């Protein structure tokens, strides 16, 4: 019983010392702050992702955008996935109005500012601590100014408990 605990303790400590870059196993997909929401939705759906770093024209991080952010512009992100299903609920000219609005607004209009960022050489444990300390759900990873990923609470729960 005691030895089992020592065993568990050592695994947990090892896991906290894993560098962030080791858990960034997907390619980073970003969007431009000037991309229209229509283009962002296409990009997200085409790569099967629900959030993305927003960068300026020269590739520097300026914000984060998620599906839920579309509601800040009064657009439900689902319109890009299932307009036919939603057209059963909402009349056609109103659906078209949502699309027209998505073609006008940009990522910059609804993105958020990240409260904290991490570097690829930071440890899993240090990022977990950030996550719990600010009670947030996503943290962008930046290497030399350039986004190289977003770490989510779901990613970390594959490795360790979060308080």
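Residue numbers count along the first chain shown, from 1.
Discussion item. I need to verify one thing: averaged over C-alpha atoms only, is the B-factor higher for 122-130 or for 59-67?
Written reply: Stretch with the greater average CA B-factor: 122-130.
Worksheet item: According to the deposited model, is the average Cα temperature factor higher in 147-155 or in 18-26?
Response: The entry gives the higher C-alpha B-factor average to 18-26.
Practice prompt. Kindly indicate the residue among 51, 136, 41, 111 with the greatest C-alpha B-factor in the PDB record.
Written response: Most elevated C-alpha B-factor of the set, per the entry: 136.
Discussion item. Where does the C-alpha B-factor of residue 76 rank in its chain, lowest, middle or highest third?
Written reply: According to the entry, residue 76 has a C-alpha B-factor in the chain's lowest third.
Worksheet item: Of the three thirds of its chain by CA temperature factor, lowest, middle or highest, which one includes residue 116?
Response: As the PDB entry reports it, the C-alpha B-factor of residue 116 lands in the highest third of its chain.
Worksheet item: Which third of the chain does residue 97 land in by C-alpha B-factor: lowest, middle or highest?
Response: Highest third - that is where residue 97 ends up once the chain's C-alpha B-factors are sorted.
Discussion item. Split into thirds by Cα B-factor across the chain's modelled residues, where does residue 32 land: lowest, middle or highest?
Written reply: It falls in the bottom third of the chain.
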